[PDB]
Amino acid sequence: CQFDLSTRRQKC
Amino acid sequence: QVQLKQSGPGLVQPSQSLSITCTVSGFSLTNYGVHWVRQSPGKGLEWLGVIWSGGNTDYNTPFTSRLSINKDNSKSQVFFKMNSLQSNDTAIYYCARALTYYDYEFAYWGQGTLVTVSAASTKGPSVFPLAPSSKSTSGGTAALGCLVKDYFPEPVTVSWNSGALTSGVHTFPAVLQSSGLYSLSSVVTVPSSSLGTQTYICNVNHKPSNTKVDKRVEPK
Amino acid sequence: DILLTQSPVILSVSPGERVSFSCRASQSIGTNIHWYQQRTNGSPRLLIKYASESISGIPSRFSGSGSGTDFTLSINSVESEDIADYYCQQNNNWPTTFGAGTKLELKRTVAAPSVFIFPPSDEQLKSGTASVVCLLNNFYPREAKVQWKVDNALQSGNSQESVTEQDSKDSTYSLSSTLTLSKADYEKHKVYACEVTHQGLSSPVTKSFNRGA
Ligand SMILES: *[C@@H]1O[C@H](CO)[C@@H](O)[C@H](O)[C@H]1NC(C)=O
């Protein structure tokens, strides 16, 4: 997973 | 209440410098240290450094060469500055305060500042209505929205009826178009009987371009 | 620097269940570990300090244990508002370092999407571009297919999807599929259809309009 700048959530 | 409010998000050109202002209240900069932490896709949460009560600074090792932290106690402001940014310095930057004056357990955070490192230009969005109709009204519920199109960089904030309307709102994550500009939609579901009496406005704000637009969305 | 390894990468549980997060350190760090929650579009919120010590304003259902290298954040009865990422932080050794986070997803019953379709506004058409939006609202689970058709021609490669994070109240997702055409192409066609396939639908649901009426 990587941190997503758009949502401030982890994106897997 | 204890609060930290950061300056707005924006673009910085590659090899240029980043400046963020953190403004605090509910405590004194003479009693507490203020820390800076960033969050990026490549490296996650990184502690960057700190300015202590008495003015001393510590910088995380890979940042000592390009990081300066200063403050004005009287104005309750902390000033963050980082030199020669590159792409992977694109991140959310936060200021933060610990529970106790000497510690590192971060109980209070700023709202974050999204910094995009890019050679491109700032561009404000166009806002287009996603109008409700019968092809968007089932069982008494109507869907309506706003298309916020062709802006750069992120972020854009969207609200409905100046904050009064939040229930049933969905603001979608932005997507990068082939043009290298972002686009998103924000929708909301409402009782279709209310379309004749209530006004629906999406309030769009693109701080990096200082573009504020209120779009009224009516049934067509 | 201390390497913190968080496992697993994603957790998925049903509401009411207990759940535990693991944070492992590369060398002993006593109990110098803090835990944070990050919700969609939020800043980190401090949950636990020094492995097990409580934080004011944090619900009692959150706790932590561990010492040395192996640490555990626990939620004794998960609620939908707990949908978030969770991070550990060590401060036994300068500089303070964080783990890479664990994602917490919530299970729930299957919910079919409500589908709405929106033609391009005449406003947008003045700029020479046409966006056609298809909304799939409040469904579960996340997997869905959107198929676009213009005058019965399959559209491929000219649409983009965005999906929300899980809703903190009802645990559903919503999805937007946007189809983008030049104004010229848009005017050369009549029937615009969005077809939606989802586990909660017995048949694909199609929403469509004719350019005009
Ligand atoms: C940015 O790139 C440098 C090398 O140019 C690397 O050392 C550093 O870890 C990178 N930072 C990231 C990916 O956040």
Side-chain angles (χ1 to χ4, degrees), chain B residues 4 35 37 39 44-49 58-61 92 94 96 98-99 103-112 126-133 135-139 141-145 147 149-150 155 168 170-178 183-187 189 215 217 220, chain C residues 1 32-34 36 38 40-46 48-50 53 55-57 87 89-91 94-101 114-125 127 129 131 133 135 137-138 160-165 167 169 172-176 178 180 194 207-209:
Chain B
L4 301 89
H35 299 248
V37 173
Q39 197 167 14
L45 289 156
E46 288 181 290
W47 179 81
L48 299 169
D58 299 312
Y59 303 130
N60 202 344
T61 297
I92 298 160
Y94 311 82
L99 253 198
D103 215 329
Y104 292 72
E105 80 279 70
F106 307 123
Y108 308 98
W109 295 73
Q111 84 277 21
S126 300
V127 187
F128 302 116
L130 296 171
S133 76
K135 295 165 195 96
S136 99
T137 297
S138 192
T141 291
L144 62 86
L147 176 64
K149 196 174 185 303
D150 290 343
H170 294 304
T171 298
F172 289 97
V175 314
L176 189 52
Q177 305 164 100
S178 66
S183 180
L184 71 73
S185 287
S186 173
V187 298
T189 48
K215 178 92 226 172
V217 175
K220 183 179 180 176
Chain C
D1 304 347
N32 219 305
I33 187 97
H34 315 310
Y36 301 80
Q38 183 166 35
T40 303
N41 295 133
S43 295
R45 182 179 73 165
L46 178 62
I48 296 284
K49 68 189 171 60
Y50 295 98
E53 308 185 348
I55 298 305
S56 153
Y87 296 90
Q89 177 204 1
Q90 71 77 30
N91 195 39
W94 192 98
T96 189
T97 52
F98 298 85
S114 297
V115 184
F116 306 85
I117 192 184
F118 298 93
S121 58
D122 299 324
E123 292 80 347
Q124 189 191 8
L125 292 183
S127 71
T129 299
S131 296
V133 174
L135 170 68
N137 207 41
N138 298 348
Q160 292 181 307
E161 294 189 0
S162 192
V163 182
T164 60
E165 293 295 328
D167 178 84
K169 286 172 204 166
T172 67
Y173 301 89
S174 286
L175 180 151
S176 75
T178 311
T180 301
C194 172
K207 290 290 177 173
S208 53
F209 64 92

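Convention: sequence-line order gives letters A, B, ...; per-chain numbering from 1. What you see below is based on every heavy atom in this structure, not just the backbone, and it leaves out hydrogens, waters and symmetry mates.
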From C:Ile48 atom CD1 to B:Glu105 atom CD, the distance as rounded to the nearest 0.5 Å: 12.5 Å
Side chain / backbone / both / neither for B:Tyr94 at chain C, heavy atoms under 4.5 Å: side chain
To the nearest 0.5 Å, what is the distance between NZ (B:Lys135) and CZ (C:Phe118)? 12.0 Å
For B:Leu176, is it the side chain, the backbone, both or neither that has a heavy atom under 4.5 Å from a heavy atom of chain C? backbone
Engaged part of B:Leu45 at the chain C interface, taking heavy atoms whose separation is under 4.5 Å: both
Given that the side chain runs from C-beta out, which part of B:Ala143 has a heavy atom under 4.5 Å from chain C: side chain, backbone, both or neither? both
Examine whether an atom of B:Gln39 lies under 4.5 Å from a heavy atom of chain C, and if so say whether it belongs to the side chain, the backbone or both; otherwise answer neither. side chain
Got a second to check how far C:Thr129's OG1 is from B:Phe128's CZ, nearest 0.5 Å? 8.0 Å
Out of C:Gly42, C:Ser162, C:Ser114, which one racks up the most heavy-atom pairs below 4.5 Å with chain B? C:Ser162
Comparing C:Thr180, C:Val115, C:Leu175 against chain B, the one with the most heavy-atom pairs below 4.5 Å turns out to be C:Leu175
Which atoms of C:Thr164 approach chain B - backbone, side chain, both or neither, heavy atom under 4.5 Å: both
Chain B heavy atoms under 4.5 Å from C:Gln124: which part of the residue, side chain, backbone, both or neither? both
Proximal component of C:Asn137, with respect to chain B [non-hydrogen, under 4.5 Å]: side chain
Identify which of C:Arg45, C:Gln160, C:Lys169, C:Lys207 forms the greatest number of heavy-atom pairs closer than 4.5 Å to chain B. C:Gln160
Counting only non-hydrogen atoms closer than 4.5 Å, does C:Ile117 touch chain B with its backbone (N, CA, C, O), its side chain (CB onward), both, or neither? both
What pair of heavy atoms forms the shortest contact from B:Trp109 to C:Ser43, and how long is it? CB-CB, 4.0 Å
Any salt bridge linking C:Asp122 with B:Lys220? Criterion: basic side-chain nitrogen under 4.0 Å from a carboxylate oxygen. yes
Please look at C:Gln38 and chain B and tell me whether the side chain, the backbone, both or neither of the residue comes under 4.5 angstrom of a heavy atom of that chain. side chain
Would a distance-only check, ignoring hydrogens and angles, find a side-chain to backbone donor-acceptor pair under 3.5 Å from B:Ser136 to C:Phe116? no
Name the member of C:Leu135, C:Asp167, C:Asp1, C:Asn41 that forms the most heavy-atom pairs with chain B at distances under 4.5 Å. C:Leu135
Mind checking the CD-OG spacing from C:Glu123 to B:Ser126? Nearest 0.5 Å is all I need. 11.0 Å
Answer with side chain, backbone, both or neither: which region of C:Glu161 has an atom nearer than 4.5 Å to a non-hydrogen atom of chain B? backbone
Tell me, do B:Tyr104 and C:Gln89 make a side-chain contact under 4.5 Å, heavy atoms counted? yes
Can you tell me which portion of C:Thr40 sits under 4.5 Å from chain B's heavy atoms? Options are side chain, backbone, both or neither. neither
Scored by heavy-atom pairs under 4.5 Å with chain C, the best of B:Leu99, B:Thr137, B:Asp103, B:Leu184 is B:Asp103
B:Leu144, part contacting chain C, at a heavy-atom distance under 4.5 Å: backbone
What part of B:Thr189 gets closer than 4.5 Å to chain C, counting heavy atoms only: side chain, backbone, both or neither? side chain
What I'd like to find out is whether the side chain of C:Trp94 reaches to under 4.5 Å of the side chain of B:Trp47, using heavy atoms alone. yes
Determine whether C:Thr178 and B:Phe172 make a side-chain contact, defined as any pair of heavy atoms from C-beta on separated by less than 4.5 Å. no
Test item: side-chain donor near acceptor, C:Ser174 and B:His170, under 3.5 Å: yes
